[PDB]
Number of protein chains: 8
Amino acid sequence: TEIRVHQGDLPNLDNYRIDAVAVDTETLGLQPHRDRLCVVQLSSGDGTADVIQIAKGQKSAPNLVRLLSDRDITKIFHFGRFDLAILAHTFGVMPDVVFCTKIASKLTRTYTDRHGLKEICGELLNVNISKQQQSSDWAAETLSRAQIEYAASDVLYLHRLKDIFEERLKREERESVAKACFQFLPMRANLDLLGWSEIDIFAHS
Amino acid sequence: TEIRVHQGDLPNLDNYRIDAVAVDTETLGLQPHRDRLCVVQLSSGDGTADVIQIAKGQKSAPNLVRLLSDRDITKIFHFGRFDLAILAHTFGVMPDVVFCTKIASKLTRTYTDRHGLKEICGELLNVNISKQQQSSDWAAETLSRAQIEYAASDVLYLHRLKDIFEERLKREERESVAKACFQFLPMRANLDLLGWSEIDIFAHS
Amino acid sequence: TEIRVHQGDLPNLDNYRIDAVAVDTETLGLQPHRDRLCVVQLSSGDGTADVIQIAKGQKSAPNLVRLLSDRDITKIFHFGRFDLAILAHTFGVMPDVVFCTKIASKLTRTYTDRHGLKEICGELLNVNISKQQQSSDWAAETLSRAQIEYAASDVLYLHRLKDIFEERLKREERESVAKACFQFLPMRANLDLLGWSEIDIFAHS
Amino acid sequence: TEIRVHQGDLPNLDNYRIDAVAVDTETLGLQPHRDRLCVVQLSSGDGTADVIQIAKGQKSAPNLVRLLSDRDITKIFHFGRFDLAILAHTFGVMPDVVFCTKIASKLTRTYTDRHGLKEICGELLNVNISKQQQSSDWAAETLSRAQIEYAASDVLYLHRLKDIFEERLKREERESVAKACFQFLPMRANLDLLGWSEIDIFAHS
Amino acid sequence: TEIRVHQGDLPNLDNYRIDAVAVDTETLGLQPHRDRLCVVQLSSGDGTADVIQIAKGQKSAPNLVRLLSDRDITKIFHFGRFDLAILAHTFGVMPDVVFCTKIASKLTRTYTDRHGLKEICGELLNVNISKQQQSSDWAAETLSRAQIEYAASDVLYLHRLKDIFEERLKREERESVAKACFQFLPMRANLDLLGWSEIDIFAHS
Amino acid sequence: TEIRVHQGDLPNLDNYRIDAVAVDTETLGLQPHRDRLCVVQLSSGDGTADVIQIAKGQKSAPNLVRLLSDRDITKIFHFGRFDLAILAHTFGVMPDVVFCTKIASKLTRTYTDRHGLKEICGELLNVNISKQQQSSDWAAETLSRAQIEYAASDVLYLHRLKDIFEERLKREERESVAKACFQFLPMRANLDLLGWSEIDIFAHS
Amino acid sequence: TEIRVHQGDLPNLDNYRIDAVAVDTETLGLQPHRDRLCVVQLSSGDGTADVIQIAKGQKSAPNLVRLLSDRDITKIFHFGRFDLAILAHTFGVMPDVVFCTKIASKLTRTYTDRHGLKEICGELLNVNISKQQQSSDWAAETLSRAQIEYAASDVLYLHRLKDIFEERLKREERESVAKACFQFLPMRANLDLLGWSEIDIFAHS
Amino acid sequence: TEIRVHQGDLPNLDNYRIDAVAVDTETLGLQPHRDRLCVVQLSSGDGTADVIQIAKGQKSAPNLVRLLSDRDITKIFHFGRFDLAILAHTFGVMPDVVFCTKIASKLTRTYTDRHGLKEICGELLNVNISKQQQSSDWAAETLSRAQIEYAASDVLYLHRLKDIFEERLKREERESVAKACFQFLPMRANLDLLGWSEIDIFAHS
């Protein structure tokens with residue numbers, strides 16, 4: 001696979017005049033206020049991916065942010081609740097046209113309790129994703145080849161998954177449910193940033 | 001306290017030419033598929049209430065349902081997640097313009113973990129609500145006077161709470177958060193009806 | 001109330017030529033293999049009760065056992081799962097025509113999670129049962145008056161409860177469910193005696 | 001291994017003029033109100049099995065349903081509590097002559113806590129059951145060969161297990177216990193359909 | 001009631017020419033290695049008690065310790081597991097003739113799960129023990145009168161309890177079990193001193 | 001007591017030329033990043049207290065911060081872990097000469113597990129603190145008299161507690177332990193602000 | 001591995017004129033009142049073992065019981081708490097001179113939390129025990145060779161373990177602790193038979 | 001590798017004229033009051049290590065203790081909380097210049113919750129340490145070759161880890177936090193020795 005590695009931002013949007021872009025992030029941890037965004041991955045759904053290393057203290061990435069803001073382009077995530085939070089905290093823009101394969105999995109793969117990306121890719125595409133056998137310092141000045149391949153591998157399959165999940169949501173007549181969930185997901189992320197990350201706001205207690 | 005008790009439906013909406021109506025329900029239990037709707041309470045905020053007994057197997061209540069469907073009238077609930085579910089299950093109409101005092105409490109009364117209606121009314125209005133010392137047969141053919149007064153007490157104060165909560169949401173600058181939560185609440189209730197009542201659809205696990 | 005106290009057995013069945021008898025027991029504890037039966041209580045529903053003190057090592061109680069065996073008389077219990085076990089373990093006869101107010105409560109009082117006898121009697125009859133504020137031996141040669149009255153209070157109201165629960169079971173269309181539960185209850189007690197007292201035999205795990 | 005795959009129903013009952021039939025199901029999940037019946041598997045106890053694909057919204061399967069309601073034919077299940085529930089919900093007929101290998105295991109294999117079908121077949125028959133390599137889409141229009149073979153494997157051994165268990169139920173003198181449990185099992189499944197699926201109806205709490 | 005308060009040790013054993021003595025202690029906490037012995041209380045079973053203040057770092061109390069080591073005198077404790085440990089840690093002598101009302105309660109009062117001294121005295125002697133409403137500094141140079149009376153109240157009733165528990169142990173044919181438990185109790189206390197305070201040494205895991 | 005209420009800051013430090021000042025805060029909740037500081041309370045150890053209401057968005061309080069920064073003045077807190085965190089978050093200055101009555105209680109009152117201020121004041125001083133039991137909105141523009149009295153009550157007694165705790169720490173030879181804990185406490189609060197508030201940094205796991 | 005299999009009893013005691021015998025049992029489960037004794041294994045400590053099949057309903061085994069009753073012969077068990085209980089329940093004799101390798105392990109192998117026989121034999125002897133990969137029917141008329149060998153492996157190594165544990169107990173000066181524990185172990189087993197199997201009789205709660 | 005094994009103490013400090021020494025211990029268990037220190041491992045950070053066997057009852061090791069006391073030499077531990085406790089308990093000297101790789105990991109490796117030495121060495125150095133298959137008797141008079149190699153492997157890499165963690169702490173600007181944690185760590189160990197080993201002294205509860 002071809003993986004293009006960039007510093008700071010995309011050079012241009014020539015490769016992203018499309019209807020949907022797959023998006024993922026890597027960080028130093030699960031807490032956006034402590035653990036900075038380190039790498040952002042994008043894919044057009046073809047056999048290539050873009051991996052953008054983000055510098056410490058970087059507040060802007062103009063081309064990427066133009067992609068994130070374009071209402072005409074659906075951003076595909078796996079568990080977008082986190083990626084939306086860290087992206088909004090880092091660059092100040094919250095995407096509002098999104099698709100999340102984890103919510104879709106919870107709405108369609110009702111015969112299992114395993115909704116991780118590895119299990120989804122294995123079941124839906126017969127593609128074997130190999131997951132890192134160790135964690136690493138994503139803030140390293142120079143990423144290893146294994147890191148680059150793993151980061152690109154996290155976005156290469158989201159288009160095919162979205163297509164399959166759209167077929168399943170149509171078959172079982174749950175399209176409007178998913179649509180409402182996706183509409184609320186950015187605000188769920190905002191609730192996380194504001195301090196309710198450990199609270200199910202809709203629960204009785 | 002004037003409490004008007006009706007069988008089946010309101011006679012008309014002459015008392016409900018207003019911008020917001022407080023709504024509550026009573027049932028035989030927490031599971032809409034097993035436990036039928038027994039009582040619906042309404043208040044215009046003028047210190048009076050309407051208590052409508054719903055018959056077993058009743059499928060229609062055109063005047064009440066006309067009120068519930070009117071998008072120009074905000075329906076105020078406390079923990080509307082349940083009431084919306086049972087109302088939609090019973091009458092086939094899902095309200096889509098709502099305000100929930102429990103979500104508002106969780107978004108504003110951040111200094112406590114106790115969000116029940118009795119406590120909210122106590123703190124915000126210095127009004128003492130006396131709650132039943134046991135449960136009762138809400139399906140009884142004739143409700144007792146104590147039952148009627150208890151049922152009306154659940155709607156008499158929701159307008160005043162909504163006014164106060166709106167002041168607090170404005171003060172802490174969380175109005176758009178609450179608006180998005182209320183917009184999603186009917187779909188959360190629908191998700192409950194469809195079989196996800198025990199699942200936080202946005203959680204990682 | 002007149003409470004007649006007997007040693008070992010009823011003198012005769014002159015007071016029990018009836019269709020239903022209320023039954024309760026008092027033991028040295030919850031484990032029938034260790035904790036012996038001490039008292040058996042009966043009521044015809046006429047507001048009087050018989051309290052039969054059972055001696056240590058007693059193997060027979062012929063008049064009582066004739067009552068327990070008579071298929072034309074329904075035995076009413078509250079949580080008969082236990083009483084059936086201790087009676088069968090002590091006298092060798094398992095009743096097979098029974099009614100249990102706890103199962104009936106779980107099938108009809110779906111609006112609460114409190115199914116104890118005190119709450120049922122309070123909510124269904126407005127009768128205040130006063131429960132012992134301390135424990136007792138019950139193996140005492142001579143029971144106190146307070147002890148005798150506390151024991152009688154457990155059988156004095158079961159007929160009225162059975163009548164009301166039968167009305168509710170008919171109303172909610174659960175008569176055949178209750179009948180099957182009562183038909184299985186003696187075997188559930190037998191399973192307890194055989195060693196499965198801590199196992200839900202129908203659970204997946 | 002001959003596996004005949006059908007859509008909707010058996011062509012005839014020529015293969016099922018027998019005293020007992022092994023039955024299993026596959027669904028979209030564990031909740032009958034949400035997750036539809038997708039496959040029914042049958043076996044005569046021979047080296048072949050019948051796999052019947054059930055269409056979405058299908059209300060009738062007359063030849064199969066005649067088999068399910070034939071009181072002269074024992075239906076053998078593993079954990080029939082579920083299969084009975086989904087079958088009764090889908091076709092409106094509750095079988096009432098059943099044998100469950102999981103209840104039998106809990107009554108006889110008291111030296112282990114693993115009562116799943118794989119462990120039982122391994123210990124009792126030295127047969128190696130290979131389980132699904134993923135939780136596939138049982139609602140697929142065309143089942144894969146792996147799916148068909150896995151579905152058949154669930155019924156091929158239930159006759160031999162039923163035979164062995166009935167020797168250890170007579171050896172350990174538990175025949176009447178097992179018979180009563182099997183007689184109650186359809187009502188346990190009905191209770192599941194009515195809304196008590198999470199409730200041990202016989203427990204103290 | 002007469003309470004004699006002493007510094008360091010009894011002046012003599014003139015009041016303790018008896019076959020059994022009730023013993024209790026007070027400390028700065030539950031961990032003998034950190035929390036020193038502050039008070040020891042004794043009673044002959046009559047209407048008076050002796051309360052002995054132990055100084056910080058005190059290693060010897062010859063008259064009291066003489067009493068503790070006299071094998072012709074049974075030492076009565078409530079939950080002697082603790083008192084034996086702290087006494088041996090402080091004075092270097094482990095009593096080996098003991099009676100514990102907590103073990104006796106667990107072996108006889110099988111109809112309850114509350115085995116504390118207050119509950120025992122109330123049920124077996126209709127005596128109301130009033131327990132201090134706030135812990136206090138038992139190491140204070142001068143004990144208050146209320147403190148002294150509480151400390152004495154903890155030993156005044158143990159003889160009467162021992163007599164009743166012995167009657168019950170004979171009645172229920174558990175004398176040899178209880179005797180063997182009391183014989184083992186000092187070694188359980190030694191195990192506590194050696195570092196096994198959180199381990200049931202007889203448990204499977 | 002005389003309680004002087006101020007907006008924003010002390011007028012001067014004329015009342016605080018002292019060696020130790022008692023400090024407490026009130027906020028909108030437990031999470032410093034979400035819940036703003038609303039009230040700061042101070043006491044010289046006399047019979048009066050100062051209550052300074054802090055406005056939304058206030059960044060500066062020069063007289064208060066002079067007191068908080070003065071290394072020659074010990075700041076007495078109860079559970080200073082929180083107050084230090086919120087003070088440093090609000091005004092940008094972390095006090096570094098502190099005494100915490102809760103740590104001292106945990107180091108000296110080893111005979112109890114209840115270390116709250118009400119219980120400590122009750123035991124050590126025989127002073128009854130009455131708690132609001134209401135939990136009001138401390139950000140209100142005008143505080144009620146009850147709010148002012150409750151807020152002052154939290155600082156009026158800390159000097160007397162500090163004196164007693166110092167006596168006990170000397171008696172049990174734990175002075176250097178307390179000194180080390182107090183020296184680390186500001187860094188524990190900083191760790192809370194940085195994102196480790198739910199992590200015991202010294203735990204094995 | 002000479003293994004002699006017998007029916008009912010040893011033919012004689014010619015192989016057991018020794019000072020310590022390794023003993024183990026197999027049953028149909030963990031509950032002696034429900035699960036009968038099926039096999040008894042004995043070893044003189046040499047390279048051979050005796051495996052005695054016990055018949056259903058068998059009440060006597062005179063030669064075995066002669067061995068179990070002999071006070072001059074130490075019975076070595078691993079987790080003798082169970083074996084003593086089932087032996088006493090089956091044959092009516094409680095051994096009173098015992099050694100348990102699990103208690104010894106808990107008193108000496110303080111550097112691990114795994115006290116099972118496999119771990120002990122592996123660490124202390126470098127002997128690899130391969131345990132049953134599936135439970136089995138120990139009541140089978142004919143045991144398989146693999147089954148018999150598994151049964152023999154449980155007694156073949158206990159003498160060597162006892163020798164090592166006694167040396168280690170001497171090294172850490174815990175001989176009298178172990179002796180007292182072994183003396184109490186038969187009464188712990190009796191307590192299990194009487195109904196306290198789930199209770200640590202020495203715990204505070 | 002070169003591993004020098006000594007009895008009692010180092011002969012001299014000729015190999016330890018360095019700024020920092022890696023230190024680890026092995027014991028008979030986790031409780032210093034019960035489980036004696038058995039082995040001490042030292043490294044200069046080069047490819048060799050010293051392994052010192054400590055005798056039972058040994059109170060002094062002058063050269064080792066001289067090293068531990070020298071404030072110009074930083075002692076590197078992994079989870080030094082334990083080693084500091086056991087060293088001070090055994091030799092009476094509490095080191096006060098320390099670096100702990102577990103605290104450093106918890107302050108920098110925020111992207112994982114697994115902070116054990118094996119994981120750290122695997123991630124940071126790509127060195128695979130193979131750990132024993134169980135624990136072992138570290139009190140043996142003669143250690144095995146496998147024991148000696150396993151013990152040396154625990155100190156051989158701490159210098160390289162300290163260098164990497166120090167670079168990361170500078171990078172993420174947490175140097176002063178780490179320094180304060182390390183300054184408090186010896187007092188945390190002292191708190192463990194004094195009896196607060198199970199208590200987070202800074203927690204609210």
# chains A, B, ... in the order shown; residues from 1 in each chain; ligands from 1
call {"tool": "residues_around", "arguments": {"residues": "segment 104-116 of chain C", "least_positions_apart": "3", "cutoff": "8 Å", "atoms": "only C-alpha atoms", "output": "JSON, numbers by chain"}}
result
{"B": [27, 28, 29, 30, 35, 135], "C": [100, 101, 119, 120, 165, 168, 169, 172, 174, 178], "D": [201]}
call {"tool": "residues_around", "arguments": {"residues": "residue 187 of chain B", "least_positions_apart": "4", "cutoff": "8 Å", "atoms": "only C-alpha atoms", "output": "ChimeraX atom specification"}}
result
/A:177,180 /B:191
call {"tool": "write_last_selection", "arguments": {"atoms": "N, CA and C atoms", "output": "CSV table (one decimal), in the first residue's frame"}}
result
chain,number,residue,atom,x,y,z
A,177,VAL,N,-33.0,5.6,12.7
A,177,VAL,CA,-32.4,5.5,14.1
A,177,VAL,C,-30.9,5.9,14.0
A,180,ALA,N,-30.4,9.6,13.4
A,180,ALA,CA,-30.5,10.5,14.6
A,180,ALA,C,-29.3,10.3,15.5
B,191,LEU,N,-35.5,4.1,20.7
B,191,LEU,CA,-34.5,3.1,20.9
B,191,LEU,C,-34.9,2.2,22.0
call {"tool": "residues_around", "arguments": {"residues": "residue 99 of chain B", "least_positions_apart": "4", "cutoff": "8 Å", "atoms": "only C-alpha atoms", "output": "ChimeraX atom specification"}}
result
/B:74-77,80,162,182
call {"tool": "atom_distance", "arguments": {"atom1": "atom CA of residue 142 of chain H", "atom2": "atom CA of residue 6 of chain H"}}
result
11.1 Å
call {"tool": "atom_distance", "arguments": {"atom1": "atom CA of residue 188 of chain F", "atom2": "atom CA of residue 103 of chain F"}}
result
12.7 Å
call {"tool": "closest_atom_pairs", "arguments": {"of": "chain E", "to": "chain H", "cutoff": "10 Å", "atoms": "only C-alpha atoms", "output": "tab-separated table"}}
result
residue	atom	partner	partner_atom	distance
E:31	CA	H:195	CA	7.9
E:32	CA	H:195	CA	9.8
E:33	CA	H:195	CA	7.6
E:34	CA	H:195	CA	6.1
E:35	CA	H:195	CA	9.3
E:193	CA	H:34	CA	9.7
E:194	CA	H:34	CA	6.7
E:195	CA	H:34	CA	6.1
E:196	CA	H:34	CA	9.3
call {"tool": "select_by_dssp", "arguments": {"residues": "segment 35-134 of chain B", "states": "strand (DSSP E)", "output": "PyMOL selection string"}}
result
chain B and resi 37-43+49-53+74-77+98-100
call {"tool": "atom_distance", "arguments": {"atom1": "atom CA of residue 146 of chain F", "atom2": "atom CA of residue 40 of chain F"}}
result
15.9 Å
